[PDB]
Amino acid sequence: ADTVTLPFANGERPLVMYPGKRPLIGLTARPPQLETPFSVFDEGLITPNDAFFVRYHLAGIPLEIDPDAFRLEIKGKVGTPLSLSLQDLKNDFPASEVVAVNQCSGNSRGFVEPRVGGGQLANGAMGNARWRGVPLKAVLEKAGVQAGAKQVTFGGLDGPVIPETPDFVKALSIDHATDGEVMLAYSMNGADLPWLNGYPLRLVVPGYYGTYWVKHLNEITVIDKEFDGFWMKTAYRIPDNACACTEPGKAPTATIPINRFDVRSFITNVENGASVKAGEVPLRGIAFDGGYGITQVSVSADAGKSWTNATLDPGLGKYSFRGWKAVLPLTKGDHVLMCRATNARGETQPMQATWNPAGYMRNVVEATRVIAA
C-alpha cells in the first residue's frame, strides 16, 4: 500500500511521492531525506534520476529558482572575483563528464551495532549517475588562485530557519579543488539536476562521501587558512586511524574529516530468504571504491568458507558502480551468500563489522541467506 519496513529495529517507513521522483523511502520531510529502495540497484548500473536518493540538513531549502538570474560567485584569495551565469558555465568553459557514485557518509547506519543516533538509513543512501559540467579547476584558473591559498569553501541556496543554526558550508583542500575531477555539475543523467538533487548546479567530488557534494551551489570562496565552520570542524568526523573505527561505546582520541569511500560490494539480484533453484545459481551485483579501480569481486555460498571469482562487467569509469556476475553451484538447502571486493591499492572489506560513534563508512562483507530447492 504505502509503507515498508527496513531490516533493523524501528524500521517502518512511509513510501512517499515527490515531484519528478518515483515512490521513495521517506526518512524525514522537513528538510527532505529520501532513501532508494534496494531493488532499484538491480535495475541497472546507472541510478535513474527519479530514484536518486535525497539528503538535506536544513529546512530552508530553495523552492523557487530563476535559472536566468542564478549566479555562481567565486571570491576570496583570487585575482579576479567572478559572477557566473548558467549560460556562462555552459558556453565559456569546456564540459567534462564522469560516471560517479554519490554515497552518504551515513549510508547503512541502521545496520551498525550497537545502534547509533543520526539518520537511520538502510543501504539506499547511494546512487550512481553520469554527471556533466565544468571542472572546478577551469573556473578557479579563470579567477586566478593566489599563492598561499589553502582551502576552498562551498555554500548553497539553502539555509537555517533560525539564523543561529550553522549554515551548511563545506571545504576542500586547494589541491583537491583544482585536480580537474572535482566538477561543477549542471547535468545529471543527461538532464538538468532534479530539484532535490541540487538544481541548477552542484559540486560533484568523485570518490568522496556525499557531504562534500554541495547542492544549489552559488558561493565558492578561496581561503588562505583551514575552514573552521561547524560542518567541517565538528560534524562529519571519523577516527584518525586505518580502520576509521573505535571499540563499540568508545569515542576516538583524534579525528579527521571524512574523505574517500572505502570498498563496498552488494549482491543485487537476491535478498534474504530468496528462493533459488539448486544447481548453478546466477548471481550479480555491484562494487565501488574511492576511485582506484575494482580489481576483483569474490563470491561465497558457504558464509566465506570458500570463494569463487566473479566476472567483472565492462566498466563505466573508476568512480562508477562496477557490475559483476557469478554462477555458483548450490546444493539443495540453506546457503549464506557473501560478496567481497578488493581494489587496485589492496583495500578490501572486513568480514566483521567495525564501529564508530557516528555510524559512518560501513563496508562489512554483506551476507544474504537464500533457500536452494
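In case it trips you up, residue 1 is the first one in the sequence shown, and so on.
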Give the stretch, out of 193 to 201 and 277 to 285, with the larger mean C-alpha temperature factor in the deposited entry. 277 to 285
Per the entry, where is the mean C-alpha temperature factor higher: 302 to 310 or 344 to 352? 302 to 310
Comparing recorded Cα B-factors across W231, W131, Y208, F93, which one is largest? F93
Specify which of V161, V222, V98, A235 carries the largest Cα B factor in the deposited PDB entry. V161
Tertile call for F38 (CA temperature factor, within chain, third-based) is the middle
If you rank every modelled residue in this chain by C-alpha B factor, which third holds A367: lowest, middle or highest? middle
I267 - Cα temperature factor, lowest/middle/highest third of chain: lowest
Chain thirds by Cα B factor, record data; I65 belongs to the middle
Cα B factor band for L24 (lowest, middle or highest third within the chain): lowest
